[PDB]
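To start, the structure itself, in structure tokens.
Each value in this text was obtained by applying a stated rule to the coordinates, not by laboratory testing. Quick reminder, even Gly has a Cβ in these numbers, built from the backbone with ideal geometry, and neighbours come from all protein chains shown.
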Amino acid sequence: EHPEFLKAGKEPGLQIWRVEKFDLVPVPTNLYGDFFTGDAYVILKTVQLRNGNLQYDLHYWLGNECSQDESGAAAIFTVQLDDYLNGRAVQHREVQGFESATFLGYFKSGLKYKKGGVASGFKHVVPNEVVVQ
């Protein structure tokens, strides 16, 4: 067994992963682009300058339907580890509505609002923060 947060950074290009109670779950490659507006997604983008230097770009997608407790958590684990990956990296926050140009460029049709989740997909229910009451 091995840690995932530390696994990130094993290949250049762009990688996508979905956070789940601190479990990280690779978004189904079959769909590639589907997103549930309620949780938080983390993406990295290692670009190639001339032919040796590389730059990882951080991009967390928030359908604006996810609580801030989990939203920031992703921006935190994604940002902190980023420093653990390169030390700086780029920071991009997409709160569904005003994304960045690089994000809308790599995700042209990567925008599918699907209310649901992964483990709660069997019951088909979207518990609201009211649960804490």
Checklist outcome for this item: If each part is reduced to its alpha-carbon centroid, the stretch 101-130 and the stretch 38-68 end up apart, in Å, by 16
Checklist entry - For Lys112, which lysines qualify as cross-link partners when the Cα separation must be under 25 Å and same-chain residues fewer than eight apart are set aside? => result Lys21, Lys45, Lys123
Item to check | For the chain: relative contact order, % (alpha-carbon pairs under 8 angstrom, 6 or more apart) | outcome: 24
Item to check | Of the chymotrypsin sites (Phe, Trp or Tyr not before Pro) in the stretch 78-133, those whose Cβ has at most 12 other Cβ within 10 Å and which sit in DSSP loop | outcome: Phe98, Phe122
Item to check | Whole-Hz couplings from phi, Karplus 6.51/-1.76/1.60, listed for the stretch 9-24; x for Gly and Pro | outcome: x, 10, 5, x, x, 9, 10, 10, 8, 9, 7, 8, 6, 6, 10, 6
Checklist entry - For the chain, what is the calculated [θ] at 222 nm in deg cm²/dmol (nearest 500), taking -39500 (n - 2.57) for each run of four or more DSSP H residues and dividing by its residue count? => result -5500 deg cm²/dmol
Item to check | Cut-off under 5 Å, modelled amide H: who pairs with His59 long-range | outcome: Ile43, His92
Item to check | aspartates and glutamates with Cα under 13 Å of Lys7, excluding same-chain neighbours fewer than 8 positions away | outcome: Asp23, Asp82
